[PDB]
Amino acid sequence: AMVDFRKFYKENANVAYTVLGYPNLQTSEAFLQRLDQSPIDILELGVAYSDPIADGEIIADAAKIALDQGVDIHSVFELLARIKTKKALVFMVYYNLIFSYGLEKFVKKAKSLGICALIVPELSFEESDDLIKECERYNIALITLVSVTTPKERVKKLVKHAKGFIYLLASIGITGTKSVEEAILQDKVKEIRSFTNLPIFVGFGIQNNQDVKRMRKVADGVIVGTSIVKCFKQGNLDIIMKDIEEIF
């Protein structure tokens, strides 16, 4: 059946992002096997396909390492067969990796393996049509992405037919200031709320247990990415889970 994300958390959703294969597939495996006893309610599975470009940064370096490990979508798929979790699993992949696997085939494997949604960075609404056909047909939500810089009428167009949840991007520097920049964020939650009853998860900029407890007061969920990936830098699952535990 098509996913109801309100089913995966009570008060506010803990959302995390990880790069599969960082620093190795067996670490991801063990991580996924302990997902049930982490505070993470929803896990975005980052899958590397190409190397990143003008960069040098946290998510980008994990992804290249994951690549050298011989990690790819197929090993990921294979791993997903071996995992058992009650938590929601959500792919986060570039369109190039879908295009190359085949759109229907990809959506079909993802579904078959417990994935309940896709986020496809940089795939705009206007380009999403065919991927939309396929997701609908197999009951998988293709996540609609909104920002605080998205004007009101485009918000409306984008959320009218959205499924799963609304990915809301925050800012840390529209003003430089913070008292104000949270109120700017609150208003945009409020615009969204009046066009969809979907839960709204807020990400970008969220770095420690203090940004989480704060962000908790803003919407229906909190997404922590780069800080999660930093935790895997270490070589010891016990400690990675404790960090995650603190962060949440």
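Note that residue numbering begins at 1 and tracks the sequence as displayed.
Stretches compared: 134-142, 151-159. Higher mean C-alpha B-factor in the entry: 151-159.
Of the two segments, 13-21 and 227-235, the one listed with the higher mean B-factor is 227-235 (C-alpha atoms only). Per the deposited record, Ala183 carries the highest C-alpha B-factor of all listed residues (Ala183, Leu45, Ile200, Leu32). Take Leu89, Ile172, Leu169, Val76 and read off each C-alpha B-factor from the entry; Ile172 has the highest. When all modelled residues of the chain are sorted by CA temperature factor, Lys178 is found within the highest third. When the CA B factors of the chain's modelled residues are split into thirds, the value for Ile192 lands in the middle one.
Among the modelled residues of its chain, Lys111 has a C-alpha B-factor that falls in the middle third, as given in the PDB entry.
Among all modelled residues in its chain, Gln26 ranks in the middle third by Cα B-factor. Residue-level temperature factors show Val218 in the highest third of its chain, judged at the C-alpha atom.
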